[PDB]
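Considered here are two forms of the same protein chain, supplied as structure tokens in two stand-alone entries, structure 1 and structure 2.
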Structure 1
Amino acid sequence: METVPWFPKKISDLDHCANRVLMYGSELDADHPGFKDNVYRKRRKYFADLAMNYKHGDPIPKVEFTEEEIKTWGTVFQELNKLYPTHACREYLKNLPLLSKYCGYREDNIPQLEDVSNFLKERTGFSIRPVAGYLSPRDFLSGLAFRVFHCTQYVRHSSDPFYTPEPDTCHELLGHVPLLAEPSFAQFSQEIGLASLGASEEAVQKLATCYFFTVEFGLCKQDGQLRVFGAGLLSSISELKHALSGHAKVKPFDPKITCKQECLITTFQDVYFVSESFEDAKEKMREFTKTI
């Protein structure tokens, strides 16, 4: 019995997928990253309940971060900012100062999702909702159709600030947000979501893999040199350096090819894809979505 899967028809309908969170020991066959740390586990439950209780139209709950959480943020923020000028794409560097000015991006302060959401709404019409963890590719991409980015609010475990196998709020705020503030990138991202809505399982998988190798882990060509625009790279001190080290394979971004590449979880990627620019990746995606 083949039916079209339910899809959101307006922004408030994301209330009916934001709590469909994939869990360790259930949908996800993997260990929780501070599982054996009872204190970390308790703190993670606090963050999950804030997300689960959220409903469209609520202000996003403001959190008093612990001293340890703030320190982890500061370590990540300080070391990544030493890398950005040489590693980050131009569009990323243009937007980062604005977030420092308006949203409290500082070494000693974790920006609040409510403030960042308000900033994005003014710049590109993007908004945030808090989320307890991963959603399905279909659900996550459905948010993008309404320019909603589902964001984790917890901080990665202090036992490895340089790379985490799971997204955290450092990753959302330093990896994703500065490019969500750029109109061409915001358009690019929305168009992935729009193409996903009610699509086939196969079309969703392919769109998700294209997202992974652009929004998550993309490299781009700028003035004859590779720079980084993938959010998963821009939030890892160790993978950001790796991507431009020459230790990894690179291929040209090409949706019909890129959509077949395995997305690696819990390690550095084996391969990065290089887009010429945001406009060109967007054009390539437009040509590809006609076919699926």
Structure 2
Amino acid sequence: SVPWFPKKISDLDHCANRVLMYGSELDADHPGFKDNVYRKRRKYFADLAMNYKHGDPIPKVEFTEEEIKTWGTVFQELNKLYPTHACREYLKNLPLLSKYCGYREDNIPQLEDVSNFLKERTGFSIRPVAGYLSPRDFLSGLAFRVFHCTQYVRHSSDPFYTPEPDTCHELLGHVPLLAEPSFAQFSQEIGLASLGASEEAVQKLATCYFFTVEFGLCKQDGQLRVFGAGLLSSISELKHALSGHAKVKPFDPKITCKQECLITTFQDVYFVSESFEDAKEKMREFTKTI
């Protein structure tokens, strides 16, 4: 029996509010685990996502100057690295987001503006998410070109805190590539493949997603470049990825899906896609077997 899956974009209303672990219930090792002010702020962001329904404009948020500063610091340092690290598709769309969506050191972009930009570019849109979803539900969003996005900012105490996604990771890591048609097609086809798929096939697709969309490397004009959003929002690992101290394998779904996804350290291995079009072709061949 096929499990329930969303049939239209508004059906994600019934997936999105199935959060297994809420964004306000912080990890024990979270930098703001003892910060009562930060906890209330996270509960505010999580209620915004919980009350969101498809069709709504995404609520616009007044970030605090503390939150702006944290973004600014991350923004400054990553932008020094992008020209020598990021893939050409990333570098092409970043300036368009500074122009149209307010990407500045002194301004955190709003998800609604970014979502309206993505809709025009690739038909991708944003949905604020109140915490961790099952891989089935999270990936099911991509089937309708919906990216479930966190809206909160990481704790100001530790601005290089990379384990959980925050809105800095979404905006600097994911969005510039969701504005690229070839990548948007690749992402959506992961989403389509998981709709009603077995729990086994969902987990394999999630693992391929992790080592492409989140931590992928690609070869361009003979060079290794970064396109994974988790690398593009992590100063330390972005540098580590294109250094000679990291192990690298070609992207191959049948081998890639066996790799453990690490959470609290650098990845043990990164997979290199030849291009987004080729990765998409490899996933097409792979999904037919699962």
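The term rigid core refers to the most C-alpha atoms you can superpose between the two forms while keeping them within 1.5 Å. Only residues modelled in both forms are compared. Numbers given to residues start at 1 and step along the sequence of structure 1.
K.L.:
Of 70, 30, 257, 226, which one's CA moves 2 Å or more between structure 1 and structure 2, core aligned?
P.N.:
Everything else stays below 2 Å; the exception is 30.
K.L.:
Supposing the core is put in the same place in both forms, how far has the CA of residue 19 shifted between structure 1 and structure 2, in Å?
P.N.:
Comparing the two forms, residue 19 shifts 1.6 Å at C-alpha.
K.L.:
How much does the C-alpha of residue 115 move between structure 1 and structure 2, in Å, when the core is lined up?
P.N.:
Once the two forms are fitted on their core, the shift reads 0.2 Å.
K.L.:
Run through the residues found in both forms and list the stretches of 3 or more in a row whose CA moves by 2 Å or more between structure 1 and structure 2, fitted on the rigid core.
P.N.:
Moving stretch: 24-33 alone.
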